Amino acid sequence: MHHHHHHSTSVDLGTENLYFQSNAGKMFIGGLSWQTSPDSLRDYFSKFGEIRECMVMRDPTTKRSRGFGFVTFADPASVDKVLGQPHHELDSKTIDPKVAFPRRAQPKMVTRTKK
């Protein structure tokens, strides 16, 4: 009665869009350096706790970094340890490592006073 559709022309990978359970637990590392690599971040942060995965935003056009990334800690205790420690130095400069924040809903009424 019902038929399933399949795609034949696929260029991008399909291993991320299936998982929806694991989302929270990541840390957004800001102000990284030009030398800081996802491996460097994993190597540096692995020193505070255990990391599951690391990611640094780069451009395939220039291969240059934007100065921000994330780190996925495999321990809830490491997030606690990092949360208490606000100061983080990398390449002799202070960067902005913080835990992800959720989105909020919208209230009622916008325009109350009409002319």
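Count along the sequence shown from 1, then add 74; that gives the number in my numbering. Here a beta-carbon is modelled for each residue, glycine too, at the ideal position from N, C-alpha and C.
Hey, would you say residue i sits closer than 7 Å to residue j, going by beta carbons?
| i | j | result |
| --- | --- | --- |
| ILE125 | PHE102 | no |
| residue 200 | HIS162 | As shown, the chain starts at 75 and ends at 189. That puts residue 200 outside it, with no answer to give. |
| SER107 | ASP165 | yes |
| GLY99 | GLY141 | no |
According to DSSP, simplified to helix, strand and coil, what is residue i?
| i | result |
| --- | --- |
| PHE142 | strand |
| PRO134 | coil |
| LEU87 | coil |
| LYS167 | strand |
Excluding sequence positions up to five away, which residues of its chain have a Cβ less than 8 Å from the Cβ of residue i?
| i | result |
| --- | --- |
| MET129 | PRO112, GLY143, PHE144, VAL145 and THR146 |
Look at the alpha carbon of residue i and the alpha carbon of residue j, and state the distance between them as a whole number of angstroms.
| i | j | result |
| --- | --- | --- |
| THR135 | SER96 | 30 Å |
| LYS182 | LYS188 | 16 Å |
| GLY88 | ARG186 | 47 Å |
| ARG138 | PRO160 | 27 Å |
| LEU115 | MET131 | 12 Å |
| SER120 | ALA174 | 19 Å |
| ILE169 | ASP117 | 16 Å |
With a CB to CB cut of under 7 Å and the five nearest residues on each side skipped, what residues in its chain are close to residue i?
| i | result |
| --- | --- |
| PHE122 | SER152, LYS155 and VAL156 |
Is there a C-beta anywhere in chain C that falls below 7 Å from the one on residue i?
| i | result |
| --- | --- |
| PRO134 | You won't find chain C in this structure, because it holds only one protein chain. |
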